[PDB]
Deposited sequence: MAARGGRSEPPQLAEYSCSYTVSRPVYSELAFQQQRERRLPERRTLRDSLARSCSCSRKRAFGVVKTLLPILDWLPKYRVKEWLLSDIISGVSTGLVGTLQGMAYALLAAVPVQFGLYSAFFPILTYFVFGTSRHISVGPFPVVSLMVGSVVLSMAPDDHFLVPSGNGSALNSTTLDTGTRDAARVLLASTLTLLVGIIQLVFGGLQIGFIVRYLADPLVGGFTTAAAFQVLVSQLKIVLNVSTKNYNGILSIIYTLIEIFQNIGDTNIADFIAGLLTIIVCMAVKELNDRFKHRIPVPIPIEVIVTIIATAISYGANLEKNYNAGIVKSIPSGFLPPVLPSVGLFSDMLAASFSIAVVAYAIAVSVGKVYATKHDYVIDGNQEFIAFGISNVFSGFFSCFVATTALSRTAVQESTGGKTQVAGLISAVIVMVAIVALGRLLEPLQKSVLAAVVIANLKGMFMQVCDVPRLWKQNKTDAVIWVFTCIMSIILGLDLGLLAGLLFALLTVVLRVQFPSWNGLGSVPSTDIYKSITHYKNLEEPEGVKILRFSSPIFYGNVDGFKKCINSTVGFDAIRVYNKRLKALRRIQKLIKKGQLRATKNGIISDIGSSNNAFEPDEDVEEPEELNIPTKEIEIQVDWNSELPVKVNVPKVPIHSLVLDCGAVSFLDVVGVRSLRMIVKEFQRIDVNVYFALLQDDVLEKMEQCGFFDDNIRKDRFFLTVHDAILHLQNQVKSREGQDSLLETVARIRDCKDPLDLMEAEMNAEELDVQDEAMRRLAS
């Protein structure tokens, strides 16, 4: 209604005297470390419940309908997961059975340590692509060709199918172990803010580039062409050019089958997504298309007659655990860090989505610890890095999922598909498995439709999307992520280095101050010039602050004093022979400052000293308490620059200046 106040002009000291402060808490490092480590059993029970969240949702079960919901979601997600594993095994350059291994053990491990309920841990296209890329870069194909086979002219250096897969599997296991170790280190040290740097446009561009690279790789697999494992800089462009040059050496049957299953899967997925109000349970198009592909490929001998590319390499059994070949961490530390951070980011995103959809809370450090333990347990069983795919996750959420029991049942399907089932998947073409991956790329290919929206929105974030998407295409995929985080941090620094300063003026008959470049009927005080500077002054925006002051006052405090001294020597010689007109004061509305960066408080003191020589006072308006306490420690309040120069509000400074002008002409 009515906003009326009546108080004296407390600038800095008229308010600090009669206001008793609170005594700061003593450090007492001994008592701090003693009180932190609790001795009562309450803290022990709390940390046990937090570290192992399985003991929370188990006692409060609702078996009656939860049993049926979990068993149906488990069989469905198990089918989907074994299909996605046998499909993504090609993205990691590992055999097909190791994908099923990586789709089984992580599920068992993410049961006594996970803190989620609607997450299906397993393979992931982007993570498997990164694993395969680093495996190809660390163990390429031109390092295994053994000369044997009595060739025509030279030594018969044919393909090394065999012991090469063992080396690739050992390398993938070492990479997974290193990723798990990095995740456990990030979880135990309670460092979780490191993944907050992955903004929405950054991860969007990263996923778009990863989807492009996955499309290129799966197109190489479908066409049944052999490239030269180009890796490094412009690897995707080079391999795409090599594919375009090797179009003649394709397989017509494999290409036709792949295109047909792509069209079928895309049409079925679009029909199920659009007309959702008629069929709530998503039709498992992957399962039926894989069954019909295995049925058609088994009838006619596509391997012999049509020379198709089938798997025919399923051993259908387990294997004893193999110790990882430790010693390759120095040359893969950055790759493992990138894989771990992207896996944790995707996992946290999916968890937060399916938690705010079902109204429950998911911890971050617990998810980090759970995924670290899962990757460590997977490294001991010849598996690659595990994550949660959004397509596989939606299955248990749509079909009905309450706890992780549906996830444990999803491993029973993989369990029976490892020991007994799998012989029927022998004549399955690799082009069919390479198609469902492309069909799942529709969710990430449509992410490019946000650039026009982000451009109308904050433009600095729209550039981060395009920068991350392009930079993660030229120089690899893992190196492109590091180039995005640094670019995002540089963009943040540039937004606090080049602020939006204004010409704050006074609204008539009130005390509210608005910018002069946005409103017209604003009257500024006679002689006084007000200035606001956001983005607190640090070592980078000191020259920017100087230029802002020089532009808002019209002149320079240095050149005016130089001209005054040049005109003063003409006065001291005349006795022997015989600019700063409008600016009366400068009220700096430094209300949007947080830190001071003492290198900047030196410049502030220099400004106050320079303007004092030209008879121009530099007052402050909205200096915070934590900022004044910092400036006082940095040696700013000398015998001449007292606290009376600072004020509490913007109108207090103007009122004090008007009263001083009225009382002193």
Unmodelled intervals of the deposited chain, in order: 1-17, 596-650, 738-780
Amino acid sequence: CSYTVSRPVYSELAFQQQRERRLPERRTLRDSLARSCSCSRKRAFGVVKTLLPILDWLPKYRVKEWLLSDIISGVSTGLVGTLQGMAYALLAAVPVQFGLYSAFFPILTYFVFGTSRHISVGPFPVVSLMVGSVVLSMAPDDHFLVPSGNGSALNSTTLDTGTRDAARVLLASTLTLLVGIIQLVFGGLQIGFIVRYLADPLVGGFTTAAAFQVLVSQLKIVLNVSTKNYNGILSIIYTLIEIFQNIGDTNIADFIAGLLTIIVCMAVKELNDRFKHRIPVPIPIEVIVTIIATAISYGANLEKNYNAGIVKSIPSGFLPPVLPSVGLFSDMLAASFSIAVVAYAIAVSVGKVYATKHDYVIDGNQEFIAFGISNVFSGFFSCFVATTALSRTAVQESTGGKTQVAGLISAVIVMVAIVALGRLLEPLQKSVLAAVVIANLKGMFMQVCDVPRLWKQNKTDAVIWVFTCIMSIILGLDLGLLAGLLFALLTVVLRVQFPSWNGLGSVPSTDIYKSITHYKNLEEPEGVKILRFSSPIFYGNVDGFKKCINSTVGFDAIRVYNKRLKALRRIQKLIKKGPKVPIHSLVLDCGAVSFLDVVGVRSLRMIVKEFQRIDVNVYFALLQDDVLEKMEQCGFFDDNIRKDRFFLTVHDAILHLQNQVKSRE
From here on, numbers count along this sequence of modelled residues.
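Each form is matched to the other, and the largest set of C-alpha atoms that superpose within 1.5 Å is called the rigid core.
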Divergent stretch in 4 other deposited structures of this protein, 587-595 or 565-573 [C-alpha RMS, superposed by the core]: 565-573
